[PDB]
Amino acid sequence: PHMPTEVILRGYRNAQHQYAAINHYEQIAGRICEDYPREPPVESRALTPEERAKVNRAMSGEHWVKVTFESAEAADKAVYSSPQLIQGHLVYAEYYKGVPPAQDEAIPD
């Protein structure tokens, strides 16, 4: 009942644009348990054990990031609504299978 469920988000421009993929899919599909930024950097001078276990298996690359939705139904929403046009790129959501995606490039729209 609310099994945290891991999803790969992939296709955005570079690692400095990861935040938009996370924010956009979180707003569509539901809470993402990782604490990654949802906004660009700002200028300046609790998890269950199941959620925490999956959050701590962190993975990302230049154009993809693994996220943990708090339930399978939320993960399902993300995959169903994939792909999403985000900041000029097609960002896909796919269920995580314990490995990095075999498609790990930017996908410009």
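Residue numbers run from 1 along the displayed sequence.
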**Request:** Could you bin the unmodelled part of the deposited chain lying between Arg45 and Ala46 as none, 1 to 3, 4 to 9, or 10 or more?
**Result:** 10 or more
**Message:** Test of understanding: from the entry's C-alpha B-factors, which stretch has the higher mean, 48-56 or 61-69?
**Reply:** 48-56
**Complete:** Assert higher mean C-alpha B factor (36-44 or 75-83, deposited values) equals 36-44
**Request:** By the entry's C-alpha temperature factors, tell me which of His24, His89, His17, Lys97 sits highest.
**Result:** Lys97
